[PDB]
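Notes follow the structure.
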Ligand SMILES: *[C@@H]1O[C@H](CO)[C@@H](O[C@@H]2O[C@H](CO)[C@@H](O[C@@H]3O[C@H](CO[C@H]4O[C@H](CO)[C@@H](O)[C@H](O)[C@@H]4O)[C@@H](O)[C@H](O[C@H]4O[C@H](CO)[C@@H](O)[C@H](O)[C@@H]4O)[C@@H]3O)[C@H](O)[C@H]2NC(C)=O)[C@H](O)[C@H]1NC(C)=O
Ligand SMILES: *[C@@H]1O[C@H](CO)[C@@H](O[C@@H]2O[C@H](CO)[C@@H](O[C@@H]3O[C@H](CO[C@H]4O[C@H](CO)[C@@H](O)[C@H](O)[C@@H]4O)[C@@H](O)[C@H](O[C@H]4O[C@H](CO)[C@@H](O)[C@H](O)[C@@H]4O)[C@@H]3O)[C@H](O)[C@H]2NC(C)=O)[C@H](O)[C@H]1NC(C)=O
Ligand SMILES: *[C@@H]1O[C@H](CO)[C@@H](O[C@@H]2O[C@H](CO)[C@@H](O[C@@H]3O[C@H](CO[C@H]4O[C@H](CO)[C@@H](O)[C@H](O)[C@@H]4O)[C@@H](O)[C@H](O[C@H]4O[C@H](CO)[C@@H](O)[C@H](O)[C@@H]4O)[C@@H]3O)[C@H](O)[C@H]2NC(C)=O)[C@H](O)[C@H]1NC(C)=O
Ligand SMILES: *[C@@H]1O[C@H](CO)[C@@H](O)[C@H](O[C@@H]2O[C@H](CO)[C@@H](O[C@@H]3O[C@H](CO)[C@@H](O)[C@H](O)[C@@H]3O)[C@H](O)[C@H]2NC(C)=O)[C@H]1NC(C)=O
Ligand SMILES: *[C@@H]1O[C@H](CO)[C@@H](O[C@@H]2O[C@H](CO)[C@@H](O)[C@H](O[C@@H]3O[C@H](CO)[C@@H](O)[C@H](O)[C@@H]3O)[C@H]2NC(C)=O)[C@H](O)[C@H]1NC(C)=O
Ligand SMILES: *[C@@H]1O[C@H](CO)[C@@H](O[C@@H]2O[C@H](CO)[C@@H](O[C@@H]3O[C@H](CO)[C@@H](O)[C@H](O)[C@@H]3O)[C@H](O)[C@H]2NC(C)=O)[C@H](O)[C@H]1NC(C)=O
Ligand SMILES: *[C@@H]1O[C@H](CO)[C@@H](O[C@@H]2O[C@H](CO)[C@@H](O[C@@H]3O[C@H](CO)[C@@H](O)[C@H](O)[C@@H]3O)[C@H](O)[C@H]2NC(C)=O)[C@H](O)[C@H]1NC(C)=O
Ligand SMILES: *[C@@H]1O[C@H](CO)[C@@H](O)[C@H](O)[C@H]1NC(C)=O
Ligand SMILES: *[C@@H]1O[C@H](CO)[C@@H](O)[C@H](O)[C@H]1NC(C)=O
Ligand SMILES: *[C@H]1O[C@H](CO)[C@H](O)[C@H](O)[C@H]1NC(C)=O
Ligand SMILES: *[C@H]1O[C@H](CO)[C@H](O)[C@H](O)[C@H]1NC(C)=O
Ligand SMILES: *[C@H]1O[C@H](CO)[C@H](O)[C@H](O)[C@H]1NC(C)=O
Ligand SMILES: [Ca+2]
Ligand SMILES: [Ca+2]
Ligand SMILES: [Ca+2]
Ligand SMILES: [Ca+2]
Ligand SMILES: [Ca+2]
Ligand SMILES: [Ca+2]
Ligand SMILES: [Ca+2]
Ligand SMILES: [Ca+2]
Ligand SMILES: [Ca+2]
Ligand SMILES: [Ca+2]
Ligand SMILES: [Ca+2]
Ligand SMILES: [Ca+2]
Ligand SMILES: [Ca+2]
Ligand SMILES: [Ca+2]
Ligand SMILES: [Ca+2]
Ligand SMILES: [Ca+2]
Ligand SMILES: [Ca+2]
Ligand SMILES: [Ca+2]
Ligand SMILES: [Ca+2]
Ligand SMILES: [Ca+2]
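Protein chains in written order, with my numbering: chain A, 1 to 72; chain B, 73 to 77; chain C, 78 to 1166.
Structure, rendered in structure tokens:
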């Protein structure tokens, strides 16, 4: 479902917790969106296109809140 | 068994 | 001086014909961007010809793409054309290169670290993550297969009503158990799970996985065992278009009219890329040294006969006919370029056909073979059939010596090895010590040695032809992997020309091994497609190794190194046990039919049955001078100078001195000094010939060759032969010696001066105290040494399991086959790692083992239909009526179980429903058996032996009307007992007829030593048996009242009556007047004491 390494790990927990399927389905949706952003961020790391920390903070901010809305 | 002498 | 029979002198050549002997505007969009041809869109660099229309651009992919015209460089490490990465890309599992070739999870992987903000569960392989955030640690559920997550310094509770207790002290809901998943890390929820069978929509792997059908042949290993991607499951047969069609390159069939008609009917021009050019006539691409043939559109080469074609499709190679197809020429074959020559071995004449070799000797061969009680004399044509010997216990194997015409055999009942001249004289026993279980033996006619296999010790032995100088040659395992080891050694043959010893083993890992006659070069010859190799032999005129198999039912032969295995019988034999070769014929014995067969040795044609047998025939040899070929002894004279065994070197060129078992092979440059090193429980002969057990010392017969075994001043021998004598004269079994338990009344069996240097058997291990126990009992969680030295925790942590065995975590050592068999053999389940057992490395041998349905256990195919739960699934017994029994050797029970015919009417149930022992007519008793009244057959030695063997004393009638074997002594009542028991001082006849006429054993008239009361009928009994109420000697002198006055009464054991007799306690108040005076029945003793 996901190319992302650590997002695959997070995605397995929500299956184990049997969360709300609609919210569970939406959880896959934004994680699929985030993985594109996450790969884009670290694409810049090999391209050297960021040095201000924006492309890391913007993604971990949503992830940290996702830890609250999904117990992760 | 069947093979023991 | 003679010319050897049928041979020629060593200084002559033999003509093969007869045998006569003869003498020898981009809107500022150009920084790392290009145009999309639209006034608002801009292609970023490297994105054109990426494969996707990432921008609405007409220049993206108008077939202007060059895949590898310009390739990536090392600044961004390359993985595929147009795709290159670096950093943590190279091993993270992300799709970086478009095909995951950026890592292939192989290169630059297997080296990682994890940050402190996480916790690194390093015990997980890359398919399982090894780094999880600290928040995940004890969050409530685990994430690593290592599963230290929830157990890293975190508490627990007292479970729940609907949860299951895992072995790691944690509880989880019962819906996860028995689901084929590691729900608490240690598979504790998966132990002892009887998994449900798979359904129609689910493919079944080798291990129970119940995988759905989508992944079958999906080119990804999803079963773990590769069972879903088997090469023959995804088998794609080649479409050939056999008849008047043609096979296109793409796989189409078109009729013959659609070939070479100037129309591409195959859509790949396979029918038109030709039609007029003859490459065979090109005489430049044909390159065929042999003839060529140009078909409709192309050419091909074709070799002349005697030559083979290879990969290049142009060249030819000479066939090595004497190795590829040895069936062409009987006996020796010599390969030539493009042809072959057949040559008979010296002593055989070549018939004009060029393929038959006939023996030139005037001596006609015959078969000597052994039954339970009989060694028999059968000619090769079956015309004459006579008996050589009878009355033997169990002749499991035999062999003959050509040089001095002796016959050697193993009596498996008495566990002795005997020998005898072929005129039936000088029968004698050469080995009668140790020899726990010998199965097969072979006589070395060249170096004058004897070799045999022991099944319990699991050893290969060597000895002199008189039986002296026993040495243990091979042991443990035979390959470097320690996979094949001595389990059930059976069948042995020698090849003195090459100096090798061949033997087979029908253990779980069945094999055929080879070793040097000195033990140097042990190796594995055959290890594949073999289950029960009971038979082995060599054709000496061909250097071909012949062996049989009782399970797969075949007879097969190969070269001496094990290559080119050619099948003679394609699995149609019920149960061969032994076989032999002569000229062009195989002789072998079957157990299921109890017959001796005969057939051609190369194709099995002309199979005929030679004779029936009422008992199983075990060992068979063709007695002929040609079956033990003449060669010069490497140990010419004086045993090559060795004072002990002179053994042939591997390769048959040199020789090696060796010492017996209880000796040290101290090596010098000139001599191997055999320094005797026998244990303190053994006695060394004066001349250092051998060290015998100590209980043989002064036993009355000369065990030592020099006579030092019986010195003048040693005490009178009270015990029998083979019994240990305490210092006071009382007797104990040899196993009582140094067993850490006081057997002798004075402790004579446990003295430190006797047990200090005591040494145990090769199959036993010595405790802290000198008690010996079997090696399988160590670290078994039971105190077997009486001081728990076998179960010592430090000892179990430091010990190393025997080669070919597997060590558990708790120190227990178990056989290798017991690992990963869906059974807790270790007790702690250390032998059953589910992640490792469910792998292709532990598959079942397609040729011989059967795989259970719902788990990964493998069982041998002969366990199917047997009536037992071989698979814990019980899946080897379901619907087993489908299998057919063997057409000739198997009798089918009423419940569809097959059993060997030899068990039919054997007198015991072998089916379960007793259908084998029904409609049964009693068999014919053989030559040396005696028939009871109820039609049962018993050995004739059992008649008049004072035992009710038939069941109704039918064999005990009219004993005094007949004599018996000369080795027996006939009592007055007519019964027979062995002569050695007569005139020995104890009553062995029930009437005590022995010892009743023997002369005085001493001069002063006394018949017995002064320590023992002698009964008037001249028998000796031990003095504490007197007055005990039992007629220990038939004259009654040991119970006479007057001479019994000199005795006390032991109140806790015996009680005195009105008569001075002191009867045992249980007779008091028993209701029977035992003393004859009613004192035992005086009722005052039948109340509360
Ligand atoms: C069953 O078959 C066996 C084997 O064929 C026979 O045993 C042989 O019997 C013959 C005849 O008695 C023996 O031959 C004689 O042996 C004497 C001593 O031989 C020594 O060396 C041999 C070989 O190592 C040893 O086996 C043996 O123990 C001795 O150490 C020779 O001295 C004899 O030759 C001399 O005397 C004769 C006359 O008596 C002269 O004619 C000769 O020229 C010479 O002066 C003779 O060779 C032979 O040793 C026995 N072999 C074995 C292995 O024991 C059985 O006899 C046979 N049974 C029956 C009933 O037929
Ligand atoms: C092992 O083998 C022996 C011999 O085959 C068996 O029999 C023993 O033989 C000896 C020799 O006769 C016995 O010795 C005699 O025992 C009598 C009673 O013994 C008990 O009491 C004495 C003290 O009075 C203790 O020393 C002894 O340990 C017992 O507790 C004695 O009364 C006899 O003494 C009389 O004769 C001797 C000479 O022979 C004189 O010197 C004395 O003054 C006296 O007149 C005599 O000593 C012995 O008892 C037998 N048993 C034992 C246990 O050794 C054994 O039976 C056998 N092992 C077993 C246990 O079965
Ligand atoms: C008829 O003939 C027989 C055979 O000669 C006699 O039997 C012998 O009788 C003598 C005398 O009683 C016995 O000798 C005594 O044996 C005792 C026990 O034997 C142990 O020790 C001996 C010797 O080491 C061992 O061989 C044996 O295995 C036992 O371990 C000894 O304890 C006695 O020693 C005591 O007396 C002697 C003197 O006689 C002293 O020097 C010692 O210091 C000690 O005090 C003694 O040795 C002999 O054991 C008997 N042998 C047999 C084969 O039975 C009959 O006695 C004789 N009479 C009749 C009519 O039967
Ligand atoms: C192709 O197969 C044909 C048979 O179908 C072979 O004839 C040919 O090899 C040839 O074999 C023949 C017979 O052995 C040779 O003929 C010789 O003729 C001599 C008299 O003219 C006679 O004295 C010889 O003994 C031979 O019989 C011939 O030399 C040989 N080779 C050739 C080139 O024809 C096969 N062709 C090849 C080259 O593989
Ligand atoms: C296994 O069976 C065969 C056939 O029955 C036995 O062959 C014959 O056995 C008899 C009786 O033991 C021998 O006498 C025969 O050989 C003899 O050879 C001498 C010397 O030439 C003659 O003087 C005798 O007249 C006799 O021919 C023997 N015949 C042949 C051709 O082998 C064989 O011995 C037997 N083996 C055993 C171990 O008993
Ligand atoms: C016991 O016998 C086995 C089988 O004959 C031997 O195993 C073979 O050993 C080699 C070298 O270790 C193996 O190569 C390795 O294969 C693995 C898996 O593909 C791979 O990960 C390694 O990089 C390496 O290539 C080989 O596969 C294996 N099998 C055969 C048939 O060659 C083994 O050497 C013997 N002894 C031991 C020490 O077990
Ligand atoms: C001791 O045991 C080893 C292993 O059983 C023997 O090695 C095997 O010996 C045979 C015969 O020499 C070899 O066959 C030959 O192989 C070579 C190629 O290596 C080939 O050119 C020859 O034509 C022939 O086929 C076999 O390869 C060899 N195998 C190995 C792995 O060693 C050895 O010969 C034994 N030595 C003694 C003293 O008997
Ligand atoms: C062996 O036994 C079978 C069955 O009794 C019999 O038919 C056959 O003839 C026997 N073989 C010989 C050679 O007598
Ligand atoms: C497996 O069994 C097949 C026949 O079904 C046999 O042809 C093949 O040789 C066997 N493969 C192995 C590994 O023995
Ligand atoms: C245990 O085996 C090791 C090798 O695996 C050593 O041979 C060691 O000497 C063995 N221990 C014993 C008791 O012989
Ligand atoms: C007595 O019976 C035995 C039984 O094995 C032998 O047949 C022996 O030969 C017989 N003795 C006589 C003299 O007939
Ligand atoms: C007892 O037997 C011995 C031999 O053991 C002598 O023959 C002796 O003559 C016999 N008789 C007597 C009285 O001892
Ligand atoms: Ca593109
Ligand atoms: Ca990657
Ligand atoms: Ca956790
Ligand atoms: Ca589970
Ligand atoms: Ca698959
Ligand atoms: Ca065409
Ligand atoms: Ca050839
Ligand atoms: Ca064994
Ligand atoms: Ca096997
Ligand atoms: Ca079979
Ligand atoms: Ca002795
Ligand atoms: Ca003891
Ligand atoms: Ca134990
Ligand atoms: Ca197991
Ligand atoms: Ca079964
Ligand atoms: Ca039966
Ligand atoms: Ca009897
Ligand atoms: Ca007796
Ligand atoms: Ca008594
Ligand atoms: Ca009584």
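C-beta: ideal position from N, C-alpha, C; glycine also.
Asked: Using a cut-off of 9 Å between C-beta atoms, extract the partners of residue 166 of chain C located in chain A.; Found: 42, 46
Asked: Since residue 446 of chain C and residue 653 of chain C should fall inside the 8 Å C-beta cutoff, what is the C-beta to C-beta distance between them, to a whole number of angstroms?; Found: No, residue 446 of chain C and residue 653 of chain C are not in contact; Cβ-Cβ is about 13 Å, not under 8 Å.
Asked: Taking only runs of the beta strand (DSSP E) that begin and end inside the region 302-376 of chain C, which ones reach a length of at least 3 residues, in chain order?; Found: 322-324, 330-332, 369-371
Asked: Please confirm whether residue 34 of chain A has its beta-carbon closer than 8 Å to some beta-carbon of chain C.; Found: no
Asked: Below 8 Å between beta carbons: does that hold for residue 529 of chain C and residue 479 of chain C?; Found: no
Asked: Taking only beta carbons into account, state which residues of the region 604-616 of chain C come closer than 9 Å to chain B, listed in chain order.; Found: 609, 611
Asked: Taking just the CA atoms, how far does residue 1097 of chain C sit from residue 1076 of chain C?; Found: 13 Å
Asked: Going by alpha carbons, who is nearest to residue 17 of chain A out of C/1086, C/217, C/537?; Found: C/217
Asked: Excluding the 5 residues flanking residue 907 of chain C on each side, which residues of the same chain have their C-beta closer than 6 Å to its C-beta?; Found: 885, 886
Asked: Using 7 Å as the cut-off, classify the Cβ of residue 1112 of chain C as near or not near the heavy atoms of ligand 31, replying yes or no.; Found: no
Asked: Does the beta carbon of residue 651 of chain C fall short of 7 Å from some heavy atom of ligand 22?; Found: yes
Asked: Please compile the residues from chain B whose C-beta is within a distance smaller than 7 Å of the C-beta of residue 627 of chain C.; Found: 75
Asked: Could you name the residues of chain B that residue 583 of chain C contacts, counting a contact when the two beta carbons are closer than 7 Å?; Found: 75
Asked: If you draw a straight line from the alpha carbon of residue 894 of chain C to that of residue 956 of chain C, how long is it in whole angstroms?; Found: 27 Å
Asked: Is the region 1070-1088 of chain C in contact with the region 1120-1130 of chain C, if contact means three or more CB pairs nearer than 8 Å?; Found: no
Asked: Quick test of your reading: residue 485 of chain C and residue 527 of chain C, contact by CB under 8 Å. State the CB separation rounded to the nearest angstrom.; Found: 7 Å
Asked: Within 7 Å: the Cβ of residue 167 of chain C and any heavy atom of ligand 14?; Found: yes
Asked: If the cut is a Cβ gap below 9 Å, which residues of chain C does residue 26 of chain A touch?; Found: Result: empty, since nearest Cβ-Cβ is about 21 Å, beyond 9 Å.
Asked: Any chance the region 408-422 of chain C sits against the region 596-608 of chain C, with 3 or more Cβ pairs inside 8 Å?; Found: no
Asked: Would you mind working out which of C/570, C/532, C/555, C/497 sits nearest residue 520 of chain C, comparing C-alpha positions?; Found: C/570
Asked: How is residue 208 of chain C classed by DSSP in three states: helix, strand or coil?; Found: coil
Asked: Less than 7 Å between the CB of residue 458 of chain C and some heavy atom of ligand 29, yes or no?; Found: no
Asked: Residues of chain C with CB closer than 9 Å to the CB of residue 58 of chain A, please, in chain order.; Found: None at all; the shortest Cβ gap to chain C is about 19 Å.
Asked: Report the option in C/840, C/844, C/299 whose CA atom is closest to the CA atom of residue 832 of chain C.; Found: C/844
Asked: Which two residues bound the contiguous beta strand (DSSP E) that contains residue 435 of chain C?; Found: 434-436
Asked: To the nearest angstrom, report how far apart residue 1145 of chain C and residue 1117 of chain C are at their CA atoms.; Found: 21 Å
Asked: Is DSSP giving residue 655 of chain C helix, strand or coil here?; Found: strand
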